[PDB]
Ligand SMILES: *Cc1cc2c(cc1C)nc1c(=O)[nH]c(=O)nc-1n2C[C@H](O)[C@H](O)[C@H](O)COP(=O)(O)OP(=O)(O)OC[C@H]1O[C@@H](n2cnc3c(N)ncnc32)[C@H](O)[C@@H]1O
Ligand code: HEM
Ligand SMILES: O=C(Nc1cccc(Oc2c(F)c(F)c(F)c(F)c2F)c1)c1ccccc1C(F)(F)F
Ligand code: SF4
Ligand code: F3S
Ligand code: FES
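Okay, here's the thing in structure tokens:
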């Protein structure tokens with residue numbers, strides 16, 4: 009029987025004048041799943057049911073369980089526990105975010121920024137919609153690979169230090185990549201004014217190529233490359 | 010009761026559930042011009058529709074020239090003649106219309122040399138009414154088709170002034186004198202209780218896969234709208250019909266798509282033989298979901314296992330070209346790498362039949378209106394609609410055909426919106442609710458918040474999941490089902506002896522998972538009682554004792570030179586089940602299936618026949 | 006509700022509540038890309054402060070540059086300490102120059118993958134040492 | 035919709051490659067004409083560099099207005115200091131040359 013230690017961030021808004029602290033739980037790795045989420049569920053079921061976290065698919069394709077494990081930001085159902093018992097796994101919520109309770113952060117600002125970029129097809133004339141299928145050639149379709157797979161786990165944006173200092177005015181890796189997605193979507197006629205929307209110091213130009221977004225992405229996507237690719241389009245469009 | 014703050018909201022239409030079906034109904038209502046409020050316990054993106062990997066069926070005719078009426082025949086043949094043909098007509102005709110609608114919204118569909126949407130071969134489908142070989146009509150965005158569907162529905166839903174109640178757990182329906190008035194909902198975010206009254210209400214809460222121990226469904230797929238309907242004294246249809254998807258990973262119970270089998274994937278047992286040619290001759294490993302899984306679960310009973318305890322079968326993707334897997338099936342290539350710890354291009358993936366889809370649910374006509382059973386007849390419940398997995402327009406019948414559920418979402422979600430737009434106008438009188446209404450739903454919540462018993466939430470949940478897994482499996486006999494029935498009945502009595510720990514208002518997961526447990530149990534009772542009473546083998550429901558397919562006529566031999574069986578004698582009928590919440594007693598009755606189509610001249614009614622692909 | 010309203014209601018709820026901000030720098034995993042970007046800011050500020058203190062001294066301080074060089078030879082001549090102060094000037098300059106090229110290569114779109122980033126990061130780190138020692142002794 | 039933030043970004047990259055090209059140009063060809071061009075590029079790139087640091091850390095409009103104005107005064111003083119040094123005194127090319135061989 010192998011016993012693993014888990015130190016987890018804890019805060020209760022209902023407790024009178026409570027200060028944020030850490031709490032350690034002991035778990036047998038033979039009667040538990042391989043992933044960190046399985047361990048969190050195990051202590052939820054038996055040890056401590058006060059623990060509060062986001063979870064859904066346990067598959068790594070919904071983005072609910074996004075959190076900070078032993079440093080980086082990854083999905084808890086994708087990251088497997090280190091079998092090395094000599095280390096204590098420290099579990100935190102996403103960095104620089106308002107904690108609602110324990111590992112649950114407020115992502116309201118994150119979703120709100122995603123709305124401001126308009127993530128839907130905009131045609132110049134929509135009198136022929138709902139009847140025709142828009143043609144997109146195989147080569148033009150390939151330009152979406154790496155962009156559409158985004159799950160909105162918010163790991164990349166919350167890994168950005170420039171998002172910690174300016175989380176109100178800087179859109180962040182996740183939202184910025186989706187702007188780019190709808191830019192080269194050759195079915196979208198509104199590519200120009202989408203770029204004109206980023207014509208302020210903060211929206212796009214708070215990026216300084218720190219590359220913490222690309223490194224932490226649990227889906228293996230490259231947000232940083234996409235932001236730099238926008239920057240080029242921004243300098244190369246007329247009228 | 011003086012403790013909880015009641016905040017009343019007023020709207021034109023409420024859509025409980027923000028999945029694939031929920032979104033199409035939500036934004037479609039505001040597209041018509043309704044003051045629409047969407048309630049959801051998850052964020053719209055996190056909904057279980059992201060897990061969808063296969064595709065969405067449409068008879069566009071992109072690979073080979075296609076007709077939609079063949080897709081009609083395939084679905085009703087797959088439904089084992091329990092599917093209501095009026096609904097199947099509407100879905101298969103609106104199939105090319107809805108997919109074109111989704112592609113125009115922004116769905117990044119895979120493409121061919123022609124530049125059109127890429128369709129693929131899938132299990133259950135055939136050309137020329139089951140005569141012209143294999144059919145290719147499964148529209149897909151590589152392998153993240155359902156994920157991309159939910160994203161391009163969400164993105165498009167921000168174009169309209171739809172109000173969203175993100176992370177709001179819907180408790181019960183606001184009901185007065187057999188008329189729907191809205192919903193009472195708990196806000197997980199702070200702990201408050203909100204009564205959201207509207208002239209119409211759409212229930213799209215998805216399936217109840219969490220009732221079992223092993224399933225491909227999410228931790229949130231507990232099927233609560235089904236229980237909300239149940240607690241109102243309304244019936245639930247065909248809840249015994251639980252689809253066991255053949256290809257699910259042995260480890261965590263995750264799903265790998267039928268698209269694996271569609272491209273040219275083969276199922277291999279310990280002998281090395283292609284064992285799916287042994288059972289199914291014409292269709293082979295690309296047949297109905299109940300056919301393939303039935304072979305798999307029987308191969309284990311013999312002793313032909315392939316694991317450390319001889320309990321699972323193998324799915325092989327070794328022979329397929331490496332470039333085919335990288336382009337067409339990348340979503341399953343990465344998920345099988347993590348959970349199974351096994352490569353896709355050289356090594357085979359361990360598969361096991363697991364709980365996947367619930368064709369049963371809330372009784373529904375083709376328009377999307379919720380039906381109740383009065384005097385052996387069908388009555389429409391005023392202002393109550395249902396679409397998606399939680400609904401049961403019985404477009405799937407006894408067995409769902411692959412890649413039809415995403416179609417079920419988009420078509421019937423839209424149909425729910427169109428039915429409201431015609432029956433009433435935006436700005437019509439919103440029915441006033443009683444001041445002391447829904448207080449019993451709050452009283453129920455207050456007990457579980459301060460629950461002090463002997464069994465915990467998790468322990469009683471485990472006792473339910475394991476009991477359903479061992480008893481109500483793929484094969485089930487009367488003696489086994491009856492022991493399970495009284496075992497599930499005992500656990501419902503134990504729901505008064507439950508112990509809780511968290512007393513907080515803000516984010517009480519210890520409380521909401523117990524709210525889910527009450528709703529899971531109610532969905533478990535009707536599943537097990539409906540299964541034990543049904544003395545036939547039809548689709549997914551297979552009795553070892555009665556392997557006979559009982560219809561009105563014996564359709565195996567010539568027709569009309571034959572005696573027609575009475576209604577309470579055969580078993581080609583829907584299972585409507587009520588359950589008294591107070592004592593936990595199941596009382597069930599039956600209603601006939603709809604054979605007529607919407608137009609006989611345009612689409613012929615397909616009579617029951619010998620079913621084997 | 007609009008996208009601008011959603012943000013405005015976000016800050017009014019959180020700033021007027023007893024919610025704690027989640028630890029970030031205190032716990033986040035240190036990496037080379039993150040550390041090398043901080044040094045570019047560090048050297049950037051230090052170099053500007055050096056230039057500014059050179060321009061302002063030309064206006065607000067008496068005596069010509071030749072008189073200041075004769076003033077430099079105060080505490081002996083500095084055996085190898087004259088090399089150390091000369092290394093302390095060229096070291097932050099050379100890091101910023103080589104790392105600045107890497108930034109300029111990035112703005113073209115090249116070398117923005119994790120394997121490429123760790124590689125070209127060492128290339129900048131090694132060139133800094135060789136160019137600084139190479140110019141200090143001249 | 036005049037694109038100002040994009041041209042500023044382009045302006046940053048143009049003066050960066052210019053200053054990178056002016057360092058070998060000053061070493062290979064050290065003259066009075068090279069002194070002013072190096073002084074112009076050095077003070078411009080520096081001013082725009084700090085401008086990014088200011089817009090990242092200085093929170094709120096209350097202190098941001100004084101920070102950009104306070105920087106602009108320092109940048110003008112720095113450029114004027116170098117132009118005085120190049121015209122009257124030794125010159126920044128020969129100044130390094132004398133400092134290095136000590
Ligand atoms: C499990 C599964 C299913 C699946 C699939 C792959 C997997 C792993 N792949 C499919 C495919 O390729 N093609 C296809 O046609 N179907 C496929 N399926 C089946 C299908 O995806 C499901 O039937 C579908 O996901 C159901 O969608 P629906 O919109 O009807 O339901 P949902 O997506 O699960 O959303 C439910 C929402 O309800 C909200 N909500 C709000 N309040 C509550 C309460 N109180 N209780 C429960 N739910 C509530 C939730 O927030 C959720 O968003
Ligand atoms: C000739 C060699 C140099 C090159 C190639 C260069 C290039 C660059 C570039 C491209 C940036 C912007 C990074 C970005 O945000 O994308 C930068 C930053 C900066 N540089 Fe330079 N530079 C050089 C020399 C200098 C010098 C001599 C100074 C001092 C006066 C200086 C001061 C700064 C400052 C203050 C910043 C701000 C840091 C930041 O970008 O956040 N640079 N450098
Ligand atoms: O400072 C930048 N990164 C950054 C990343 C991580 C931490 C950080 O603070 C520091 C720091 F550095 C230290 F040494 C400390 F001891 C310390 F206690 C900090 F809190 C700054 C940065 C670098 C380049 C461009 C833009 C930035 C920007 F925008 F501000 F994010
Ligand atoms: S780009 Fe990656 S890290 Fe960022 S939100 Fe999307 S999946 Fe998450
Ligand atoms: S982590 Fe942040 S700085 Fe830019 S490339 Fe990155 S968004
Ligand atoms: S829970 Fe779906 S991503 Fe971890």
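Chains as they are written, first to last, in the authors' numbering: chain B, 9 to 247; chain A, 10 to 622; chain C, 6 to 143; chain D, 35 to 136. Built from N, CA and C at the ideal position, the CB exists for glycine as well.
Under the 8 Å Cβ criterion, the region 231-238 of chain A counts as touching the region 520-535 of chain A, having at least three qualifying pairs. Of the residues B:101, B:62, B:214 and B:244, the one whose Cα lies closest to the Cα of residue 180 (chain B) is B:214. At a beta-carbon threshold of 7 Å, the residues of chain C lying near residue 134 (chain D) are 143, ordered along the chain. By the criterion of a C-beta distance shorter than 6 Å, residue 153 (chain B) is surrounded by no residue of its chain, once the five residues flanking it on both sides are discounted.
Residue 233 (chain B) is positioned such that its CB atom lies closer than 9 Å to that of residue 222 (chain B). With respect to chain C, the C-beta atom of residue 40 (chain D) has no partner C-beta closer than 9 Å. DSSP, read as helix, strand or coil, puts residue 367 (chain A) in strand.
For ligand 2, the residues with a Cβ under 7 Å from any of its heavy atoms are, in chain order, B:216, B:217, C:45, C:46, C:49, C:50, C:52, C:53, C:56, C:98, C:101, C:102, C:105, C:106, C:108, C:109, C:112, D:46, D:47, D:50, D:53, D:54, D:57, D:76, D:79, D:80, D:83, D:84, D:86 and D:87. Secondary structure of residue 96 (chain A) (DSSP, three-state): helix. The Cβ of residue 131 (chain B) sits no closer than 9 Å to any Cβ of chain C. Of A:568, A:425 and A:288, the smallest CA-CA separation from residue 30 (chain A) is found for A:425.
The DSSP-derived three-state label of residue 12 (chain B) is strand.
Residues of the region 31-50 of chain C with a C-beta atom less than 9 Å from some C-beta of chain D are 46, 49 and 50, listed in chain order. For residue 365 (chain A), the number of other beta carbons within 10 angstroms of its own is at least 16, and it is reported as buried.
The contact set of residue 74 (chain C) on chain D, defined by CB atoms closer than 8 Å, consists of 132, 133 and 136 in chain order. Contact of residue 99 (chain D) with chain B by beta-carbon distance below 8 Å is absent, the smallest such distance being about 14 Å. Between the alpha carbons of residue 320 (chain A) and residue 388 (chain A) lies a distance of about 47 Å. Identification of residues in the region 149-163 of chain B having a C-beta nearer than 7 Å to some C-beta of chain A yields 149, 152, 156, 157 and 160, given in sequence order.
Residue 61 (chain D) sits away from residue 120 (chain D), with the two beta carbons spaced by 9 Å or more. Beta-bridge partners of residue 508 (chain A) (DSSP): A:465.
Annotation: residue 150 (chain B) to residue 44 (chain B) spans about 34 Å, alpha carbon to alpha carbon. Approximately 6 Å separates the beta-carbon atoms of residue 601 (chain A) and residue 582 (chain A); this is inside 8 Å, confirming the contact. A:295 is the residue among A:78, A:279 and A:295 whose C-alpha sits nearest the C-alpha of residue 267 (chain A). DSSP places residue 19 (chain A) in no alpha helix (DSSP H) but in the uninterrupted beta strand (DSSP E) bounded by 15-25.
A distance of 9 Å or more separates the beta carbons of residue 98 (chain A) and residue 597 (chain A).
Judged by beta-carbon spacing, residue 461 (chain A) lies beyond the 9 Å limit of residue 252 (chain A), meaning their Cβ atoms are not closer than that value. Residue contact with chain A for residue 110 (chain B): present (Cβ-Cβ distance below 9 Å to some residue of chain A). One thing to note: residue 72 (chain C) has its Cβ no nearer than 9 Å to the Cβ of residue 99 (chain C).
Separation of residue 103 (chain C) and residue 102 (chain B) (C-alpha to C-alpha, rounded to the nearest whole angstrom) is 34 Å.
Between residue 167 (chain B) and the set B:240, B:32, B:227 and B:80, the nearest pair of CA atoms involves B:80. Taking C-beta atoms as the reference points, residue 292 (chain A) and residue 622 (chain A) count as a pair closer than 9 Å.
The continuous alpha helix (DSSP H) containing residue 42 (chain D) extends over residues 39-62. With contacts defined as CB atoms closer than 9 Å, residue 224 (chain B) and residue 163 (chain B) qualify as a contacting pair. The Cβ-Cβ distance between residue 173 (chain B) and residue 25 (chain C) does not fall below 9 Å.
Proximity of the region 13-27 of chain A to the region 194-208 of chain B falls short of the contact definition, fewer than three beta-carbon pairs being nearer than 8 Å. Ranked by Cα distance from residue 191 (chain A), the options A:204, A:197 and A:199 are led by A:204.
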